Amino acid sequence: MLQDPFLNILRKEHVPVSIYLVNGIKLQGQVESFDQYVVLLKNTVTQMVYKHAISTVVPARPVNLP
Amino acid sequence: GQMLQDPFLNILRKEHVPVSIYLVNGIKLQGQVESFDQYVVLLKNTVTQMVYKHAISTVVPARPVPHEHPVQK
Amino acid sequence: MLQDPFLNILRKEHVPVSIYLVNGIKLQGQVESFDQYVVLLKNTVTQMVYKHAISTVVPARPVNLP
Amino acid sequence: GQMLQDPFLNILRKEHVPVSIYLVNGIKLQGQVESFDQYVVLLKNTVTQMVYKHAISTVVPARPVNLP
Amino acid sequence: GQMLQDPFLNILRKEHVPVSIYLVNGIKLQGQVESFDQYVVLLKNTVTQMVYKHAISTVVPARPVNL
Amino acid sequence: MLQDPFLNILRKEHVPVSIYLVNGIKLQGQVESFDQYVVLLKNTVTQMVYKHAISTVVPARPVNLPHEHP
C-alpha cells in the first residue's frame with residue numbers, strides 16, 4: 001500500500017494539497033488526519049472528505065516519497 | 001480502519017453544529033446531523049432526510065470545533 | 001441499523017417521498033418495497049431504483065424512528 | 001437481503017415488458033430486457049447492449065408491473 | 001451470478017466487432033475489444049487503452065451479434 | 001490478470017500516459033508506482049490518483065501485453 005505513506009508525508013510535513021473530487025471541484029488545505037475512509041482537511045474549518053469522492057490528491061510541491 | 005467518521009459526526013450531532021453536506025454531484029445540503037450509521041446520515045431542516053454516505057463528498061461544519069484532543073472518554 | 005427502519009416507516013405509513021438521484025433527477029412517489037440493493041417506487045408505474053444511485057431520501061412529512 | 005431485484009427483472013424479461021433504463025449519466029435507454037445476471041443487464045433494441053447495473057439509476061417499465 | 005459479461009465481451013473480441021463504450025459520465029469510447037479481465041477492458045484503435053469496468057455504463061456492438 | 005501488467009509496462013518503460021478521470025479531467029504524466037487502490041502519477045509533482053475515479057488509461061504510444069506461451 002501507498003496511500004498511508006503518501007498522506008502521512010503530506011500531513012507530517014504540513015504540505016498543502018489540492019483535492020479534486022469526483023464531481024470535479026477542488027478542495028485546498030492541509031491533511032490533518034486520515035483513516036481508511038476519510039481525510040480531514042483543514043483551513044478555515046476542518047472538513048471530513050470521503051475517499052470514495054476523491055479522484056486525485058495533488059501536493060503543492062514535490063514530496064520525497066518512500 | 002474506520003476511526004474518524006463516527007467521532008467527527010458524533011460531536012457535530014452532540015453540539016448541534018450546523019453543517020454543509022456536499023453530495024458527489026455538487027448539491028449542497030444544509031442542516032443539523034441527527035443520527036448516522038455505517039451507511040447513511042440523517043440530516044434535519046424542513047424534514048429529516050436520509051443521506052447515503054456513498055453520495056457524500058465532504059461534510060463541512062459551519063464553525064470549527066475531535067482528532068486533536070489528548071483525551072478520549 | 002437506520003436505513004431499514006427509515007424505509008420501513010415510509011412504506012407502512014404511505015409517506016410520499018422525494019428520492020434524489022446522483023444524476024440530479026428527483027423521483028417522487030411512495031415506497032412499495034425495498035431490499036438490500038433496490039427500492040421499488042410506486043407512481044403511475046412501479047420503478048426499481050438502485051440505492052447506489054440514490055443520494056437522499058426526503059420524506060414528505062417527518063419520520064419518527066423508535 | 002437481496003430479494004426483489006431478480007424477481008422484478010425476470011418479469012420484465014419473461015413478459016417482454018418495454019422498459020426505460022435511466023443511467024447514472026442521465027442517459028435514457030429503451031428496449032426489452034433480454035437477460036441479466038448479478039452484474040449486467042442485456043437490453044435489446046437494434047442491437048443487444050450490455051448495461052452495467054452499477055451504471056443504472058432506475059428501471060421504469062412502460063406498463064404497471066406490480067410485485068406481490 | 002457472473003455469467004454474461006465474458007461471453008458477451010469474448011464474442012466481440014473474437015469477431016473484431018467494433019463497440020461504443022459509454023462511460024459513467026456519458027463519454028463514448030469506440031474501438032475493438034482486445035482483451036478483458038475481472039476489472040478492465042483493453043480497447044484497441046489508435047493505441048490500446050485500459051478502461052475500468054467500474055467506469056463503464058454500456059457496451060454497444062456496432063452491429064447485432066449473435067449471443 | 002491484465003491491469004497490473006499493463007500499468008507495470010507503463011511504469012518500467014516510462015511511457016507517457018493520459019489518465020482520464022470520471023469527472024472528465026485528463027491527467028498527463030508517467031506512472032511512478034501503484035497498488036491495489038491508487039496510482040502515483042508524476043510530472044511537476046507526484047499526485048495520488050484513486051483507481052475508483054479512473055475511467056481510462058491512454059498511453060501516448062502502443063502498449064501490448066505478451067501472450068502466454070503454452
Side-chain angles (χ1 to χ4, degrees), chain D, chain E:
Chain D
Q2 201 207 321
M3 299 255 183
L4 312 161
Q5 184 178 171
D6 293 346
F8 192 83
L9 285 173
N10 256 315
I11 290 152
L12 313 172
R13 172 185 81 62
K14 155 155 212 73
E15 313 189 1
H16 302 33
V17 185
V19 297
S20 280
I21 291 185
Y22 290 81
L23 314 185
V24 296
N25 58 25
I27 285 157
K28 185 185 108 151
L29 302 186
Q30 272 172 165
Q32 256 181 48
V33 173
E34 159 161 353
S35 50
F36 66 94
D37 69 16
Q38 217 55 215
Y39 297 95
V40 300
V41 182
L42 299 193
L43 186 72
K44 219 205 152 72
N45 208 98
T46 295
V47 301
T48 292
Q49 59 186 287
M50 181 177 62
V51 191
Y52 279 91
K53 288 181 169 175
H54 68 232
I56 302 179
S57 72
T58 188
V59 188
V60 183
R63 320 192 251 90
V65 163
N66 295 328
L67 273 204
Chain E
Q2 210 289 100
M3 23 165 69
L4 290 180
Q5 264 181 89
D6 304 332
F8 194 86
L9 290 176
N10 256 327
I11 207 181
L12 296 181
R13 169 187 76 78
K14 277 181 138 224
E15 303 197 8
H16 290 48
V17 181
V19 297
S20 300
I21 292 173
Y22 293 82
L23 302 176
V24 284
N25 57 24
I27 287 311
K28 156 173 116 171
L29 310 180
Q30 283 189 129
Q32 329 210 1
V33 187
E34 175 65 22
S35 56
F36 64 88
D37 69 10
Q38 212 167 324
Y39 295 114
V40 305
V41 185
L42 260 56
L43 182 69
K44 204 159 128 153
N45 44 61
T46 323
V47 299
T48 288
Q49 59 191 295
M50 173 159 78
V51 192
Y52 273 90
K53 268 165 182 194
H54 65 234
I56 294 174
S57 46
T58 192
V59 183
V60 201
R63 44 197 171 80
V65 55
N66 272 58
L67 185 70

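Letters A, B, ... are given to chains in the order of the sequence lines, protein chains preceding strands, and every chain is numbered from 1.
- In this structure, chain E has no heavy atom under 4.5 Å from any part of D:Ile56.
- Considering only heavy-atom pairs separated by less than 4.5 Å from chain E, the leading option among D:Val40, D:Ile27, D:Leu23 is D:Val40.
- Pairing each heavy atom of E:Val24 with each of D:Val24, the nearest pair is O-CG2, 3.7 Å.
- Interface remark: E:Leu67 contributes side-chain atoms only to the contact with chain D (heavy atom separation under 4.5 Å).
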What are the sub-3.5 Å donor-acceptor pairs between chain E and chain D, distances to 0.1 Å?
from: E:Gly1; atom 1: O; to: D:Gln38; atom 2: N; distance (Å): 2.8
from: E:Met3; atom 1: N; to: D:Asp37; atom 2: OD2; distance (Å): 3.3
from: E:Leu4; atom 1: N; to: D:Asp37; atom 2: OD2; distance (Å): 2.9
from: E:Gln5; atom 1: OE1; to: D:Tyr52; atom 2: OH; distance (Å): 2.9
from: E:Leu23; atom 1: O; to: D:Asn25; atom 2: ND2; distance (Å): 3.2
from: E:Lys53; atom 1: O; to: D:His54; atom 2: NE2; distance (Å): 3.1
from: E:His54; atom 1: O; to: D:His54; atom 2: NE2; distance (Å): 3.4
from: E:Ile56; atom 1: O; to: D:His54; atom 2: NE2; distance (Å): 2.8
from: E:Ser57; atom 1: O; to: D:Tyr52; atom 2: N; distance (Å): 2.9
from: E:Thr58; atom 1: OG1; to: D:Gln49; atom 2: OE1; distance (Å): 2.6
from: E:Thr58; atom 1: OG1; to: D:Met50; atom 2: O; distance (Å): 3.2
from: E:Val59; atom 1: N; to: D:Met50; atom 2: O; distance (Å): 2.9
from: E:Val59; atom 1: O; to: D:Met50; atom 2: N; distance (Å): 3.1

